[PDB]
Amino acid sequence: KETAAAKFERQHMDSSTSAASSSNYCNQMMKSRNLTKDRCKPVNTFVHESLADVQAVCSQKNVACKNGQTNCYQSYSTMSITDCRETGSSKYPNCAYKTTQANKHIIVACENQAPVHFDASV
């Protein structure tokens, strides 16, 4: 089944809008991208930029990952992102999320020139 590159797109890419339109953005996308199937993923970020622009981040500023790995990369420019984070009332299989809009640099782990993990924002 899924390649790590394709898992990145599915979990993290919404190029269909420049910002989260409303507060129920996360409830709808966390479900429709299969991040609540087996359990509610606690936190997840959506990037509102071209696939081309996010892929390019792999050849921008080389940085350390939270775990101390050295294959992480930070965008030269801030990007439009939505942070998704489970509410206190959330319980599998009824997973509920807080939506938060932000313009921040994305830090991604790359493999064979492609984004394969979303690590942090600054």
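Start at 1 and count along the sequence shown; that's the residue number.
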Hey, what third does residue 7 fall into on Cα B-factor, ranked over its chain? middle
Should residue 37 be placed in the lowest, middle or highest third of its chain by the C-alpha B factor in the entry? highest
Chain thirds by Cα B factor, record data; residue 48 belongs to the lowest
Split the chain's modelled residues into thirds by Cα B-factor; residue 54 lands in the middle
Modelled-residue ranking by C-alpha temperature factor, third containing residue 96: highest
